[PDB]
Amino acid sequence: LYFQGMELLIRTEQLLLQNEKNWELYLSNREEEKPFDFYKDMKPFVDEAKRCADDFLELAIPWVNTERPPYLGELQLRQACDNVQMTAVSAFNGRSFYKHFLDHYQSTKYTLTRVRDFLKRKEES
């Protein structure tokens, strides 16, 4: 369970980082829209985001249903992951609606930071 929890923490950090990448790409395009190629630019970016989300869920779902961390369940985690995929696609369009993007970015950040912080506490105890 030590290794399971450590691996989950690492995958949580990786997914948080992806979420940040989405937001920074979006903001950059919002400042100055860059052209992109579906195969050279978008697909690889979206694929890496999907890898991050799937890797996280592989461990996070069994964890959430066995450890029953406070105020957190499966749907919340799946939605946090859905957001990362949506924002990865929308990030290539700087005209994506700002509040919707922000709300998706922040929701994921909130949920995953809660997971990270919980696991770091469990680690350091």
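See the structure printed just above.
About the criteria used
Residues numbered from 1 in each chain as written, not as in the entry; some residues may be left out. Heavy atoms only, no water. Residues with missing side-chain atoms left out of burial classes, pairs and counts. Helix = DSSP H or I, 4+ residues; strand = E, 2+ residues; numbered from the N terminus. Rg over C-alpha atoms; globule rule 2.2 N^0.38 Å. Contact = heavy atoms within 4.5 Å. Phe/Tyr/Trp six-rings, centres within 6.5 Å; stacked < 30°, edge-to-face > 60°. Buried < 20%, exposed > 50% of the residue type's maximum accessible area, 1.4 Å probe, protein only. Core = buried A, V, L, I, M, F, W, Y, C linked by side-chain atoms within 4.5 Å.

Participant: Describe the overall build of the chain, naming the residues involved and giving the relevant values.
Facilitator: The helix and strand tally for the chain stands at 4 helices and 0 strands. In terms of C-alpha radius of gyration, the chain reaches 15 Å, essentially the compact-globule figure of 14 Å for 125 residues. For the chain, the spread of C-alpha atoms along the three principal axes comes to 45 × 30 × 25 Å. Within the chain, counting contacts between residues at least 6 apart in sequence, those at least 24 apart form 80% of the total.

Participant: Would you mind going over the packing of aromatic side chains in detail, with residue names and values included?
Facilitator: Going through the model one piece at a time under the given rule, you end up with 11 aromatic pairs. Aromatic side chains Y26 and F101 sit 4.0 Å apart centroid to centroid with 5 degrees between the ring planes, which places their arrangement in the stacked category. Of this pair, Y26 sits in helix α1 (residues 2-31) while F101 sits in helix α4 (residues 98-123); the two residues are 75 residues apart in sequence, bridging distant segments of the chain. Across the pair, exposure class does not vary: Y26 and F101 are buried alike. Ring centres 5.1 Å apart and planes at 50 degrees place the aromatic pair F36 and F92 in the tilted group.

Participant: I'd like to hear about unusual backbone geometry, residue by residue, with values.
Facilitator: Both trends apply: most residues other than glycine have a negative phi, and most peptide bonds are in trans. In this structure, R68 takes a positive phi of about 50 degrees despite not being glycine. Along the polypeptide, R68 turns up in the loop between α2 (38-67) and α3 (74-90). Positive phi, normally seen in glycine, also occurs at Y71, with a value near 60 degrees. You can see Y71 is positioned in the loop between α2 and α3.

Participant: Let's hear about the nonpolar core: which residues, and what values?
Facilitator: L15, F56, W63 and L77 are the most contacted members of the largest nonpolar core, which has 32 residues in total. Among the elements of the structure, α1, α2, α3 and α4 are those that each provide at least two residues to this core. Non-local contacts of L77, meaning those with residues more than four positions away in its chain, are made with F56, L57, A60, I61, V64, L72, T111 and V115.

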